[PDB]
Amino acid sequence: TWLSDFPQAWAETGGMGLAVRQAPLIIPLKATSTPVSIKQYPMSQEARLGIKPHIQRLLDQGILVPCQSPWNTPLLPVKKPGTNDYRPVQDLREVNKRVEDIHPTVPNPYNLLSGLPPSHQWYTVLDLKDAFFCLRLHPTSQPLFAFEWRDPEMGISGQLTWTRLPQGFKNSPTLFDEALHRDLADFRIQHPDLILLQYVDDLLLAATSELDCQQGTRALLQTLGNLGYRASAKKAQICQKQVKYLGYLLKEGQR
């Protein structure tokens, strides 16, 4: 009943997350950057109808807000083989080219796994749901990711933008990783016996035995939920000696 014991920790019961201890993010532009407003290639009604519900949900959650901005990038209707279930995919390439680069601190999976001792064979794998959306964007940086949204009937006039770290932004992975590392620094200190690996939104908790893996997992779940993050109950792999993590199958300390 791991789900019932930690309602606030699961995306299924705790609602959309929000990293309350993290200050809204300010995105520095390169020294020569000036706003660019790229035209929206007219979208077919089909793509527009598949995307509508997603845009409405995001608006209700406050993840998206109306705005007027000198910046504007294309919205694209990416989908599965067919005409069913779409999703809003933004082309932030002209924006990415204009924001100042940061040192990529997220380690590659190979080097990250090398830090897993053979002594810790009891694993718990958690996948944070809508990770980037948990980090707020400072109002001064929000205009940067604006895009056009139209709907014949009543609703919005033109541009919408994000209030949270969006998808497609080149620095989202790194900024989320560093943010979660700051939020879990304490947890690592209070649990010296545990091994916690972080790869953006993919987490692996390692323990010496089955008990302290259960007690540690309870602790991480409690902590994650309190901090405003949300783990997917569906994918969760709790206290197993065999788990799927970052493409590998961990067992006997192999791979």
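Residue numbers here begin at 1 and follow the sequence given. Definition used throughout: the rigid core is the maximal C-alpha set that superposes within 1.5 Å between two forms.
Quiz item: What stretch shows more C-alpha movement in 9 other deposited structures of this protein relative to this form, 94-102 or 109-117, after the core is superposed?
Solution: The answer is 109-117, which departs more from the shown form in 9 other deposited structures of this protein.
Quiz item: Hey, after superposing on the core, which one moves around more in 9 other deposited structures of this protein, 39-47 or 200-208, CA-wise?
Solution: Farther on average in 9 other deposited structures of this protein: 39-47.
Practice problem: Would you mind checking whether residue 82 is unresolved in the model of at least a third of the other PDB entries compared? | Solution: Per the records, residue 82 goes unmodelled in at least a third of the other entries.
Quiz item: Would 243-251 or 14-22 have the larger average of its C-alpha temperature factors, as given in the entry?
Solution: Higher mean C-alpha B-factor in the PDB entry: 243-251.
Quiz item: Do the C-alpha atoms of 72-80 or of 148-156 have the higher average B factor in the entry?
Solution: If you average the C-alpha B-factors of 148-156 and of 72-80, the larger mean comes out for 148-156.
Quiz item: Out of 46, 60, 201, 210, which shows the largest CA B-factor listed in the entry?
Solution: Among 46, 60, 201, 210, the PDB entry lists the largest C-alpha B-factor for 210.
Practice problem: Taking the chain's C-alpha temperature factors as the reference, tell me which third residue 117 falls into: lowest, middle or highest. | Solution: According to the entry, residue 117 has a C-alpha B-factor in the chain's highest third.
Quiz item: Based on the entry's values, in what third of the chain does the Cα temperature factor of residue 30 lie: lowest, middle or highest?
Solution: Its C-alpha B-factor, which the entry lists for residue 30, ranks in the lowest third among residues of this chain.
Exercise. Grab the CA temperature factor for residue 55 from the record and place it in the lowest, middle or highest third of its chain.
Key: According to the entry, residue 55 has a C-alpha B-factor in the chain's middle third.
Quiz item: For residue 87, does the deposited CA B-factor place it in the lowest, middle or highest third of the chain?
Solution: Its C-alpha B-factor, which the entry lists for residue 87, ranks in the highest third among residues of this chain.
Exercise. Quick one: classify residue 225 as lowest, middle or highest third of the chain based on its Cα B-factor.
Key: Middle third of the chain for residue 225's C-alpha B-factor.
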